[PDB]
Every structure is written in structure tokens, then in C-alpha cells.
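Commentary on secondary and tertiary structure
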Amino acid sequence: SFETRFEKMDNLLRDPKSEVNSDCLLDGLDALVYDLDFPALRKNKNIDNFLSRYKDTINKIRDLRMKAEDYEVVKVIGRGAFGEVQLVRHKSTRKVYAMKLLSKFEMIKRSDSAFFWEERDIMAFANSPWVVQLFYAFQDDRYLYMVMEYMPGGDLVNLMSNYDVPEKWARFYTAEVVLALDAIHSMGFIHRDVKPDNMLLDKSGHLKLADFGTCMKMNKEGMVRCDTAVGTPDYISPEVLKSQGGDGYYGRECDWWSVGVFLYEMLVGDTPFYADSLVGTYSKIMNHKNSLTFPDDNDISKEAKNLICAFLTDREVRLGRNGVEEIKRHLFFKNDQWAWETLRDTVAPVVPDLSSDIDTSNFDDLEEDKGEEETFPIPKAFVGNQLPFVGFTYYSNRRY
Amino acid sequence: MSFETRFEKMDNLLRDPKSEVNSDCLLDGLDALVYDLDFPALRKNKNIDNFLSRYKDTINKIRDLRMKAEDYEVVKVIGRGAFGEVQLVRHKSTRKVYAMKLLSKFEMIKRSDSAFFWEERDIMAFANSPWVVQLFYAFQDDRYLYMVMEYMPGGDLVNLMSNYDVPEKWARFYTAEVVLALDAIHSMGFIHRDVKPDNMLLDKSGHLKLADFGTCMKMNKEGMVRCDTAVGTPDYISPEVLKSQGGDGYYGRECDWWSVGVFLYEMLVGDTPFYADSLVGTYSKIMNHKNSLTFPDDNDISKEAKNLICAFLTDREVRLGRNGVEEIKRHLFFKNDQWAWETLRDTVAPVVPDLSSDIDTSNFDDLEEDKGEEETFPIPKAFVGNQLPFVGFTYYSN
Ligand SMILES: Cc1cncc2cccc(S(=O)(=O)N3CCCNC[C@@H]3C)c12
Ligand SMILES: Cc1cncc2cccc(S(=O)(=O)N3CCCNC[C@@H]3C)c12
């Protein structure tokens, strides 16, 4: 019909998940103008006319869309591999966020993933108390921007470094991680990178999973086919570490192995497979059968040792293989202060004491500025470097 | 300005029909970029190959839902333009009848002329005047631009002048309707620059509308325009525009009234006042208008008609219409006892067309057969950009 078509079209223009909604269409034009405004291409008639035809229109567009100078930087609080994360306040709304930056030139310069899509999709739609929420995402010719909620409590690395964690606490944080990963699994994802660095606490002291740069979608059988290893040297599982072209076909059990490494560190004080070098940890992990030993100290309860061992073993025997419910039924979690279905409603072991909306005490000092980072080379001919990052924007068509 | 304001100002721009960043214009820019990149030589670049591979399923579906050419059923060819034919069509779904104009993209690029359609698209779409032919829809593909307009069943004034010896009473009516039609186009801020019977069409009631505006321009601060172009049909073109060969000339809107004087002269005498065999001879007679403008040895033309034709066919600085349009209306030639200006298009027309159906094309002569195969674009080796001058043309109505 003539109306059914006009309707179907209006869906693809509004739906927050359309490949061509207002966010994607306003980006596509913004990408073209950016990737044409070079004197070596201005010699072409069509390009020179097009840029002069849209010059006044495109400068009005960029002044109205969300841009970097809309935010007031307060302090740098994190360093990612591709860009820093800074505590900012929106100049107009006065609201405080944690803004993440991603250098476009850097990611294009050999980072075989285009990973930002998976993290943008989860943090924006997950709608879970265990997942850090993405509020806005925008871009320009240099960086990608991810405006997320600020976690004032800090990461679990900072907590472990300033405390000797007792079992009561370890039980709480391990249980909150288990529910956090089960929520990510329900979305159809294997995390592949579970570690304290990616765990942050809110203003109440409860745990959330920040960063999802290594998340991948499971198939119908619930497995993942990968030819290259992914993760962190200490927390990586035996099957993900030996990932090769011969197969490389693992399930979600690898995530629970990392939770066992996480529990071991909170009690013992060190990683279960520490070494003098980095490549030593590798041999120690592949030989987990004989290398996994607890130090001579009576303070690790029988149950704690049992769970850590139930996680740190071969995939086929490893606990958590028959669903997440057999992990929750474990005796280590058997306590008398909370229940699973009401855990994030109970009072946290360490409640943070904050002075203001911008209290950054739980975050160690960084440097700021660094000068100016070099970006893409000025094109001689049409390169089209913004085409990969088209439609990353999350502003005009957000889900409410 | 607040954040709630900045967000909403942006959101309104995607629905505003006058906006250059409206939803249809943004959809054009993506539709275009896929055409001007999908060549096996440019697939070597991965940023392009990856961009095209993502929007495959998507851009194919977009080009399927939007208004396309096969949505209309062609009934008969009724007109021919420089860049493509104009055909009477019926929309297959709504069953409504329109006159659709076609413009070959490749042709406009080849002739180095792809910046005139904007002025006509803007007027016919927003003019909202009984004197202006209305544009309902405008869409495109990789080959032509499309302009869906209201069909004028009355035919052009050329066909009327060829089948009748136009009496003064009629000439008075049609000249007055042109004067009001041009005054409406002037109020929008435009000088027409191309007033002739070919561009005048009658509706089903027999009243005049200006169709085709492919040479209109926006007037500057003093209400004038500086331009430099060639000459197409110099029979109606004024002295000032002819002296503007280069861009050294600044002319006002009084050039449009000169053409109205040529229009009145033709309706009565029977021929153009400065006609010649060659194109350079027509020009020479226009420049020497003080001596070439004459009248036949038959006093069929009244005193008033002679006066008005002379008041229009003189130097710009003395030409009638310089001191506004009101001094033209006050002229004694128009002094009649049939109508008044403010109610003219409500009176009965001198020639009311007799129609048989919604597709009666009797007032339009049959048109040959173009037959000439349209040439296509050669496969690029770099970025050519043969779609950028045609982004933002698509337009829908409510
Ligand atoms: C400090 C911080 C504070 N508040 C919210 C955050 C949301 C995502 C990431 C961070 S972050 O910790 O800056 N961050 C990115 C740097 C790489 N290391 C992983 C880690 C999760 C936040
Ligand atoms: C026949 C016709 C019939 N109905 C509506 C029309 C609207 C615009 C142009 C035409 S048209 O006359 O086809 N036309 C274009 C060809 C060049 N000459 C100018 C003239 C106005 C219409």
C-alpha cells in the first residue's frame, strides 16, 4: 500500500536500532563533509560545489549536535588503551558523567576488531543494575565519545590493594559478579575478560561491570568460534589461551574460570598463576593441575578452597557447566546476611563516603593534557576514514 | 539556549520541508554515496569496502520503499524539455493524475548546468499561489530527476495564439493575469528572466499559470541581480540582460515587464516585434529597438494597446514598471468593464476548455519520439562525485 510503505519507512527513521535512523543519517552527511574538505580534493568541481553548498548548513548542524566542548572536564580518572576516561560535567544540564574517549586514528592503525560496537550496544540497551549505563555517544573527525554514568566507588583493584579482604567481603563481591555475568550471558554474550580492573563500585558500594571491549555474541549451540586468543594473561582460561585454527570452539565456561581466579586473588593476595615473567604465567596456567596450590595459612575456609578449585580446572569438569544455578547452590555462598534475589538491595561491605558529586578520592592521580596527539594524515585523494565510524552516535534516537 | 532547546531545534529540522538536512535530504546523501563508491576500483580501499558491505541489505531496501518511477503509470507524453520529456502519468495506488517532468542527470553534468533546478523546485513547492503551478512530489534515482506537478489541461498560450486571431479583450485578460502572476513571483523575491507563451499554461477553467521557472534568481539588497549567461530564444529577452554578456551587468526586475510587452505585441500583431532569420539578427534588432519597433499599416490595434507596448519596449530607466507594479495596473489599456484586478481570477475566462476525462490531452500536440539513446557514465577510477549536485532534491507532501 501507499501508507504501509510510508509507515515502514518512518520506523527505519526512528527505531533506536535502525541502520539508517536519524543518528546514522546525520552522521553520514557529517562524515562526507569532513572527508571531502581537503584542498587536494577541492580541485574537483562536484566536491567544491557540494561543500560550499552545505557550508552554512553543516556548521549549524555541528553547533546543535552534541559536541566535546559542551562538557567541562574536572579531572582525568582513567586511561584506556586508545584514549583516556575523564570525569566531566555538562555545562548546560550541570549533570556529572564519566566520558570515555577513543582515538579514531589509533583504532584504524591496526586493532583488528571494530570492538566499540559491542560495548556501545550493551551499555546502551542492557538496562541492568549490573551493567554501567551509556547515556550519550557522539563523535567528530578525531575521537569517539562515550558518555556513561560515573562510578565514584572505584575499581576492585584499588579495594584489594588497600584492604586485606576477609571471606565475608569476598563472598559478597564474588556473588555480585556471578549475577553480573549471568545477566550478560542472558543477553547472549560471553565476556571473555573478567577481572577486577573491569569491576567498578557505585555510590552505594555495589558492583557493576564496566568496559565490554572483548564481548562476543554466542550462536544457537551457545558456543564461540575464534582463531585468536582474547583476554588478560592472569585471568585467561586454558581453552581460550590455546585458541588455534585447529578448532578454537569454546563455551561460556571460560568466564567462570576467571571468577575463580578473581576469588583466589581476593583471599590469598596474589594471582593463582603468578610468575617471574609474563610468559611464565602461561606455562603455569596450562599446567593448572599441578601448579594450583594454596599457601600455608589457615584462614581460607574449606568452602573457599573448594569453589576456587571447582572453577580452576578443565572445562569439561569445571563448575558452572550445567548452568549458573549449580554455582549459586555452592556452600561457600551459604550465608545468613543476604539472599541472591535480594543481594543488591542489602548493605554493601564497604560503603563509600563522598564529599560531593565530583569526589574522586577513590581514583589515583593521573596526568592530564599530554600535549596533542597526532591523528590521520591529510589525504591526497578520497580516503573515507570516517565511514567506519558512521552511526556510532547515540543522541537523536535513544531508547526511553 | 538550553539543552532541551538545542535538542528540539535539531529534531524539528528533520521534519521541516524547507530544511536542507531534512530526513529525505539525509537519505539522499547516503543513497548517493553508495552509487558514487560502488566501483570495483574503489573496493581496494577497506574503509570504502567495509562501509558498502554494511549498508547493502539496508540501502537496497531504502531504494525499494521510497517513491520510485515505477509507482506511476505513464498515459501519454505531453511535453519535451531540454534535459528530458514531460509525460502525463497516473499514480498506480492513489489513481491521481499528474504531469511528471524528467531531467537526465548525466545530461545536465555534460552541458555544465546542474544548478538551475533548485530555484524551480523551491518555487513550485512553496509558492502556494493560484498563479504558480504546484509541485506535489519530487524524487530521483541514478539516472533522472523527477518532478510531479499538477496537470494543466488547458494547454499553453502558443497553441491558443496559433488557433485564434486574438482580439484585444482577450489580450487584455491574459496580459493582466501575467502581470499578477509575475508580481506574485516578484513578491517571493525572484526575477523570472524567461517570460514567454511557452511557459504559460491554462487550467481546467481557462485561467493562466506560470509553469517552468528554470532561470529564476534571488534579488539582493537593492532588489537586483548580477548575472552572466547565454541567450535562449532572444525574442523575449530584454536589452539589459543582453548587455549582461559577461557578468558586468546589474539589472532589476523591469526586464520581466519588457517581456510582457513582447507578449502583448505578439498576441495582437501576430509575430514577435524583433524577429529575424538568424539568432544574431534577432539580437541586433533588440539592441536597435528604438528604430526596429514598428506597427503595420492597419489601425486594428487601439491607441491604448500601442501605448502599453511602447511603455514596455523602451530603455530600462524610462520603462513602465520601474516605480512598482501599481503604475502598470493603472494603465488605460486595462480599463475595462468585465472585471477588476482583485477579483480577476474569479471571473469567467475568454476560452474555457471542454474536457472529456481526467486524462483529456486534446490541447496538447503529439510529440515525435526522442529515440536518442541516453548516454551513461563511464566507470570511475577515483572519486567523480556525479551525485553530489543532486542531493537534497527529494521532497514529499502531506
Ligand atoms: C574510572 C571510571 C569511572 N566511572 C565510570 C567508568 C565507566 C567505564 C570505564 C571506567 S575506567 O575505570 O576508566 N576504565 C577504562 C579504562 C580501561 N580500564 C578499564 C576501566 C573500566 C570508568
Ligand atoms: C505540458 C504540461 C502539462 N501539465 C503540466 C505541466 C507542468 C509543467 C510543464 C509542462 S510543459 O508544457 O511540458 N513545459 C515543459 C517543457 C518546456 N516548455 C515549458 C513547458 C511549461 C506541463
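Residues numbered from 1 in each chain as written, not as in the entry; some residues may be left out. Chains lettered and ligands numbered in written order. Heavy atoms only, no water. Residues with missing side-chain atoms left out of burial classes, pairs and counts.

The deposited coordinates, according to the entry record, derive from X-ray crystallography at 3.300 Å resolution.

A separate point is the overall build of chain A. Counting secondary structure elements, chain A contains 14 helices and 12 strands. Its C-alpha atoms give chain A a radius of gyration of 24 Å, near enough to 21 Å, the size a compact globule of 400 residues would have. Seen through its C-alpha atoms, chain A measures out along the principal axes to roughly 80 × 55 × 55 Å. (Helix = DSSP H or I, 4+ residues; strand = E, 2+ residues; numbered from the N terminus. Rg over C-alpha atoms; globule rule 2.2 N^0.38 Å.)

Now for the packing of helix α2 (residues 22-34) of chain A against helix α2 (residues 23-35) of chain B. Contact geometry of α2(A) with α2(B) gives a least axis separation of 9 Å together with a crossing angle of 55 degrees. As summarised for this structure, α2(A) and α2(B) are arranged oblique, according to the angle between their axes. The two elements α2(A) and α2(B) meet at a crossing, and its hand is left-handed. Residues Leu25(A), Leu26(A), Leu29(A) and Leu32(A) of α2(A) touch α2(B), and the partners they reach there are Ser23(B), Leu26(B), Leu27(B), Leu30(B) and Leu33(B). Its residues assigned to classes, the contact of α2(A) with α2(B) shows eight nonpolar, one polar and no charged. (Axes fitted to C-alpha atoms, helices over the stretch in contact; angles between N-to-C directions. Parallel < 35°, antiparallel > 145°, perpendicular 65-115°, else oblique. Left-handed = near helix turned anticlockwise from the far one by under 90°. Contact = heavy atoms within 4.5 Å. Nonpolar A, V, L, I, M, F, W, Y, C, P; charged D, E, K, R; others polar.)

The next point concerns the UniProt feature "active site" in chain A. Residues and elements named next belong to chain A. Annotation from UniProt places "active site" at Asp193. Classification of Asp193 as buried rests on a relative accessible area of 9%. When neighbours within four sequence positions are excluded, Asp193 is seen to be in contact with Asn198, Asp211, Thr214, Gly231 and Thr232. (UniProt positions renumbered as here; feature names shortened; annotations may be inferred. Buried < 20%, exposed > 50% of the residue type's maximum accessible area, 1.4 Å probe, protein only.)

What follows concerns unusual backbone geometry. All names here are of chain B. With a phi close to 65 degrees, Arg95 is a non-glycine residue in the positive phi region. Tracing the backbone through its elements, the reader meets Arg95 in the loop between β2 (84-91) and β3 (97-104). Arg95 gets classed as partly exposed once you look at its relative accessible area, which sits at 48%. Of note, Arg193 is a non-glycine position whose phi angle comes to about 70 degrees, a positive value. Assignment of secondary structure puts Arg193 in the loop between β7 (190-191) and β8 (200-202).

All names here are of chain B. Close to ligand 2 lie 15 residues, the nearest being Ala99, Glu150, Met152, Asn199 and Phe364. Note that a nitrogen atom of ligand 2 is positioned 3.0 Å from one of the backbone N or O atoms of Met152. In isolation ligand 2 exposes 460 Å². Once the protein is present, 89% of that is buried. No other element matches the three residues that strand β1 (residues 72-81) contributes to the shell around ligand 2. Taken together, the residues that form the shell around ligand 2 break down as nine nonpolar, two polar and four charged. Composition of the shell around ligand 2 by domain shows at least three residues from each of domain 1 (1-155 + 355-398) and domain 2 (156-354). (Near = heavy atom within 4 Å. Polar contact = N/O pair within 3.5 Å; in protein donor to acceptor, adjacent residues only side chain to side chain. Areas by Shrake-Rupley, 256 points an atom, 1.4 Å probe, with all protein chains shown as cover. Domains from an automatic or database assignment.)

We now examine the domain arrangement of chain A. All names here are of chain A. Assigned domains within chain A: domain 1 (1-154 + 354-400) and domain 2 (155-353). The C-alpha-based centres of domain 1 and domain 2 are spaced at 32 Å. For the pair domain 1 and domain 2, the summed buried area comes to about 2100 Å², and 64% of that belongs to carbon and sulfur atoms. Sorting the residues of domain 1 by area buried against domain 2 places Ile122, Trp130 and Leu354 first, and these three jointly supply 34% of that buried surface. On the surface where domain 1 and domain 2 come into contact, there are two salt bridges. Here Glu149 ties to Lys208 by a salt bridge, and the two come within 2.8 Å at their closest N and O atoms. On inspection of domain 1 and its partner domain 2, the count reaches seven residue pairs in polar contact. Top contributing element to the side of domain 1 that touches domain 2 by residue count: helix α6 (residues 116-125), with four residues. Split by residue class, the side of domain 1 that touches domain 2 holds 11 nonpolar, five polar and six charged. (Buried area = accessible area lost by both parts, 1.4 Å probe. Salt bridge = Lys/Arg side-chain N within 4 Å of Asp/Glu carboxyl O.)

With that settled, the discussion passes to the UniProt feature "binding site: ATP" in chain B. All names here are of chain B. Here the UniProt-annotated "binding site: ATP" positions come out as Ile78, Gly79, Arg80, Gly81, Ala82, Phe83, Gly84, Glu85, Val86 and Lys101. Leaving out residues up to four positions away in the same chain, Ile78 has contacts with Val86, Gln87, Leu88, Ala99, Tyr151, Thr361, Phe364 and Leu367. For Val86, the position within the fold is in strand β2. Taking relative accessible area as the criterion, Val86 reaches 16% and is therefore assigned buried. The residues touching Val86, leaving out its near neighbours within four places in the chain, are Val77, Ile78, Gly79, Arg80, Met100 and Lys101.

Attention now goes to helix α1 (residues 3-13) of chain B. Within the span of α1(B), buried status applies to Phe3(B), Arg6(B), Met10(B) and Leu13(B). Viewed along the axis of α1(B), the buried residues span an arc of 95 degrees, placing them on a single side of the element. Buried positions along α1(B) lie against α2, α4 (45-64), β2 (84-90) and β4 (134-139) of chain A. (Arc of directions from axis to C-beta.)

Bringing the UniProt feature "binding site: ATP" in chain A into the picture now. Residues and elements named next belong to chain A. The UniProt record marks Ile77, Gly78, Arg79, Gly80, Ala81, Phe82, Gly83, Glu84, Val85 and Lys100 with the feature "binding site: ATP", using the residue numbering of this structure. Accessibility expressed as a relative area gives 36% for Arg79, which makes it partly exposed. Setting aside residues no more than four positions away along its own chain, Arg79 makes contact with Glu84, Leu366, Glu367, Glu368 and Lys370. One polar contact links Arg79 to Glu84, side chain to side chain, over a distance of 3.4 Å. Note that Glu84 resides in strand β2. Dropping the residues within four chain positions of it, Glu84 is found in contact with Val76, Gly78, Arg79, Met99, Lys100, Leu101, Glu368 and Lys370. A polar contact of 3.2 Å, which involves the side chain of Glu84, links it to the side chain of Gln86.

Moving on, we come to the environment of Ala180(A). Residue and element names in this part refer to chain A. Locating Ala180 in the fold gives a position in helix α8 (residues 167-186). Each C-alpha atom of the pair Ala180 and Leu319 lies 17 Å from the other, and the pair is 139 residues apart in sequence. Those residues in contact with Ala180, other than ones at most four positions away along the chain, are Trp130, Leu207 and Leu209.

With that settled, the discussion passes to the packing of helix α10 (residues 253-268) of chain A against helix α13 (residues 302-311) of chain A. All names here are of chain A. Axis separation between α10 and α13 bottoms out at 8 Å; the angle between their running directions is 145 degrees. Viewed along their axes, α10 and α13 form a crossing whose handedness is left-handed. Judged by residue contacts, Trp256, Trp257, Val259, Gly260, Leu263, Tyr264 and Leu267 of α10 engage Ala304, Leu307, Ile308 and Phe311 from α13.

With that out of the way, let us pick up the pairing of β2(B). One face of the sheet, then the other: side chains in a regular strand alternate in exactly this way. Residue and element names in this part refer to chain B. Counted residue by residue, β2 has seven buried out of eight residues, so it is predominantly covered. For β1 and β2, the ladder comprises eight bridges, and the chain directions are antiparallel. Bridging from a neighbouring strand, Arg80 pairs with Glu85 of β2. As paired elements, β2 and β3 share five bridges and run antiparallel to each other. (Pairing = 2+ DSSP bridges.)

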